[PDB]
Each structure stands twice: as structure tokens, then as C-alpha cells.
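The data below hold one chain only, encoded as C-alpha cells and taken in the form deposited in one PDB entry.
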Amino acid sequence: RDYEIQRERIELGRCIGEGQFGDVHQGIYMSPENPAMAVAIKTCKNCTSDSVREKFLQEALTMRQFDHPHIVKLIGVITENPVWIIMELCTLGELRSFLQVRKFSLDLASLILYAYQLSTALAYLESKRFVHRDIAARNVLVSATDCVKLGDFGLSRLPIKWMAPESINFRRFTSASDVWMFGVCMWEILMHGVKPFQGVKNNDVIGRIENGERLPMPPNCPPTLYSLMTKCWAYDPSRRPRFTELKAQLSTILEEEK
């Protein structure tokens, strides 16, 4: 209904990042007779014009469209200077760091669960015909040890090493090129946050992909899950699974691994 929030309900905490328009903070949203809610706050640093303020706020209008357990929610906006966008906080931070730090504490079933949850968020977007374009582990947040979410779409935004050949060669971005990127995101997850094509130059990436090279099978990845990944990386977009297919398959693989 009304997304406008009184600034006095927000307590700005530490800086946790930055985007195009300004710093991102963690903070708190307070309301009478309720517990304080942890939030992320995107700020528009020195936005001293209507055109910049409008470009900033359109990122809120984008997030407002979505209602899914595995995509971060818009809580509200403050439309007086300085303009803030207030989002739900994923308290455990960025997935890549979480996987690196908690590696000897996480099992395969947990990694597969992260992939499944993300696939449900992306199937949801696919059903809305919304193309993400920026699917990578670095854009996934950790809400709890058993819960990951796509981060803010403004903050998520060329990522050559993640991109489908059709996106690199022809600038085509579709749900099918989303599927490719997700394949890479699943590889990152199984590798506990190692980046794809490490030590390889961006301009060389397409040469390798067109030569038929693909990211290798992670250690202790189930063959059935690597097979699903190689399907995501079919050179021909028409041959890749849809996110609807991915979610059903991942559901089966997860059950198998439990």
C-alpha cells in the first residue's frame, strides 16, 4: 500500500557496501510495540537533481514488483532528501564469503539446497518474463544457514565469465541466457565460492567457450548435478533446460543427497 517510511523510524548503522548512487548501510526499522527489524539501507549520496533521484528510486519500483521467499523484499522508501531505499537485511551477508568461511562446517546437502532455493526464485522471475542478467554467487545473500536470496537487482548490476555466448556475441539476454549464468552460479556454490575462469582474461573467455571448453566438475559434486550444469551450458539456447525444469531436477538431487 504505502511504501513511504518516516525517517525517524530508521537508525542507520555501519556501511556494508556501495552501489552506483551511494553507500549501503545496515540499520534498524523501528515501529511502536514491535521489535526492531534489521534492514539494509541504500543511500543516494549527493543526488542533487530530480533525474538522479528518479533513476535511484526506479530501483525500488523494480524490487516492489516481486514477492518471493528467495528474493530480498522492499520494505519502503524515504523520498525526501537524502533519499533512501529500505530493504530486508540478510544478516549473514554475501554468499561467497559465507561458503569460504564455513567450508569445513557445511555439507553437500546445504550447497544443493542453496541451488534449489535460487532456482525457485529464478523460475518465479521466468514466469513473470523478467530477465535478471546478473546471476552470480556474488549477488546471492545469506539470510540464515538454511536460506539464501537473490540480492537487490540495482546492486547486482560486463560479467564476461558468467555470460552466455549469445549475450557476449549478440547482446541477447533471455531467460535461457539466465539459465547459463545460473549454471555458473551453481558451479561457484559447489566450489565454495571460487570464481569461474580464475587467471583467464575476459577477452579469452569466448574463445574457450566456442572451442567447447566448460568449467570442470567440482570435487565431490554428484555426477547427476554436473550433468544438469552442462545442460545449462548448451551452446544453443534452445537446448538448455528452463528454470521450471531445473527446480524439479534440483528438488530430486537434494532429496537424493539428504
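Under this definition, the rigid core comprises the largest set of C-alpha atoms superposing within 1.5 Å between the forms. One-based numbering along the sequence shown.
There is another form of this protein, the form deposited in another entry, and it is not shown here; the text below is about that form.
> With the two forms superposed on the core, which of 199, 35, 212, 223 shows a CA shift of 2 angstroms or more between this form and the one not shown?
With the rigid core superposed, the residue that stands out is 35.
> After superposing the rigid core, is the C-alpha displacement of residue 47 2 Å or more between this form and the one not shown?
Shift at residue 47: 2 Å or more after core fit.
> So that I can tell if residue 17 moves, could you say whether its C-alpha shifts by at least 2 Å between this form and the one not shown after the core superposition?
After core superposition, the displacement of the residue 17 C-alpha between this form and the one not shown reaches the 2 Å mark, so yes.
> Compare the position of the CA of residue 146 between this form and the one not shown after a rigid core fit and state whether the shift reaches 2 Å.
Residue 146 C-alpha, core-superposed: shift of less than 2 Å.
> With a C-alpha distance change of 3 Å or more, do residue 55 and residue 134 lie closer or farther in the other entry?
Between the C-alphas of residue 134 and residue 55, the gap narrows in the other entry (3 Å or more compared with this form).
> Just say closer or farther for the C-alpha distance from residue 33 to residue 90 in the other entry, relative to the shown form; it changes by 3 Å or more.
Closer is correct, given that in the other entry the C-alpha spacing of residue 33 to residue 90 is reduced by at least 3 Å.
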